[PDB]
């Protein structure tokens, strides 16, 4: 965990969290983590260019008290190394919604029944350049 870590986010349901940043020239993997704290994540958002046996695949998971849940994978991969990218995230009682920069959108279940998101962290081959709250 070398990237930006933010706490006291107070993101509420329906409010969009917009994260923009720079993908390394030789990016292999990058991560955006959201939740209560570092061991309790409603969203581990992990686009893998080539990491852990996945190629050009977004892997999402939850983390409950340090234990990873069951993974969800997405096919579309709107990212390129050496480029800027932007992701928007919101949530409700049921799911998190991830808005991808190619205009694609997908859902990830709110397994931990989180009513507020207080923690974000960036990791991997990504440097945050802008974080915005609606």
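Residue numbers count along the first chain shown, from 1.
Relative to one another, 62-70 and 32-40 have unequal mean CA B-factors, and 62-70 is the one with the higher figure.
Comparing the deposited coordinates for 120-128 and 12-20, the stretch with the larger average C-alpha B-factor is 12-20.
Among all modelled residues in this chain, the alpha-carbon of residue 46 has a temperature factor (C-alpha) in the lowest third. Compared with the other modelled residues of the chain, the Cα B-factor recorded for residue 88 ranks in the lowest third. Per the PDB record, residue ranking by Cα B-factor puts residue 56 in the lowest third of the chain.
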